[PDB]
Amino acid sequence: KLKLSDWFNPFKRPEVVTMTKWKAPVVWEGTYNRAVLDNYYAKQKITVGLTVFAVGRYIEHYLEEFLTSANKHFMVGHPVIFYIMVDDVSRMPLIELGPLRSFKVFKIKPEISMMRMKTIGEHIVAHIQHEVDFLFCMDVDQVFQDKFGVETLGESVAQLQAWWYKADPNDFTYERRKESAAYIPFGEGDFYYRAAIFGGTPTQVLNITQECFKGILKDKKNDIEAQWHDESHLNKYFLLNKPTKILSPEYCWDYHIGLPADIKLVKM
């Protein structure tokens, strides 16, 4: 019986959001008790999955930085399977993994980013749902800078792009054309999440992906194409299906200093 008060204490970061209306916590540095959490999840023997996609140019410029740092910082102290989806199984490096880590590489027709939603679901059903309790999907052009632990585990986990204080939903770059499924009306929405990271339990992540791919399809099948590809649909999704856990910007930062705990370099 894990109480939100066993590992989380919102009063540790007053200047930021730590609780969303639907009572879901917003994880920022110093608000989580990872030691408590490691004790907890260890008694259940959980395994965390991470699916990264690298195609063409990305494999040479990023796949390795990802895996290397993911190995040193991702869910350390827990079994973790790394799911590598690439278009060319030979350009992909094989770094040495540490205790409790393993990978599984798959070849994918480099037929786009939106089409990734489909493959991700296909595998959750095919095998991921059986091998891990939670799953995180990330952009390859990222680098972990510090421990990204179980304090990020959740049923439905979303990444905040940024934050301020009451932000006016009108200035979020949601999809505004009503002909799109990613459509979010002005003066509405809670936060603007990054597609660069998002996770949850295989079942939940299958709904996230299955839901987006369908929406992406509709717009594909209507000549329209949502503003920020995946990010549009994904932000439309956490609007209808409020995530159960939100990670602060300190878990997918664009720049490089402060306490990032993971950085999005996105093509240098």
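To match Swiss-Prot, the residue numbers of chain A are left as they are there, and the shown ones run 82-192, 198-354.
The way this entry was determined, per its header, is X-ray crystallography, 2.8 Å.
The backbone N, Cα and C atoms fix where each Cβ goes, and this holds for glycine too.
What Swiss-Prot annotates here:
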{"type": "ACT_SITE", "residues": "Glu317", "note": "active site, nucleophile"}
{"type": "BINDING", "residues": "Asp225, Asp227", "note": "Mn(2+) binding site"}
{"type": "CARBOHYD", "residues": "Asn293", "note": "N-linked glycosylation site"}
Candidates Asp225, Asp227, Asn293 (recorded positions) - the one closest to the residue listed as 'active site, nucleophile' by CA: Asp225
Set of same-chain residues at least 6 away whose C-beta sits under 8 angstroms from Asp225 (Mn(2+) binding site): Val133, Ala281, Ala282, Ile283, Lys350, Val352
Interval of 5 unresolved-in-model residues, reported as the Cα distance (Å) from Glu192 through to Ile198: 7
Set of same-chain residues at least 6 away whose C-beta sits under 8 angstroms from the residue listed as 'N-linked glycosylation site': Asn327
DSSP three-state assignment (helix, strand or coil) for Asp225 (Mn(2+) binding site): strand
Where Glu317 (active site, nucleophile) falls in three-state DSSP terms: helix
Cβ atoms near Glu317 (active site, nucleophile) (within 10 Å, other residues, all chains): 23
Listed in sequence order, residues with CB under 8 A of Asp227 (Mn(2+) binding site) and six or more positions away: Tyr139, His142, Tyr143, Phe147, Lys350, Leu351, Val352, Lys353
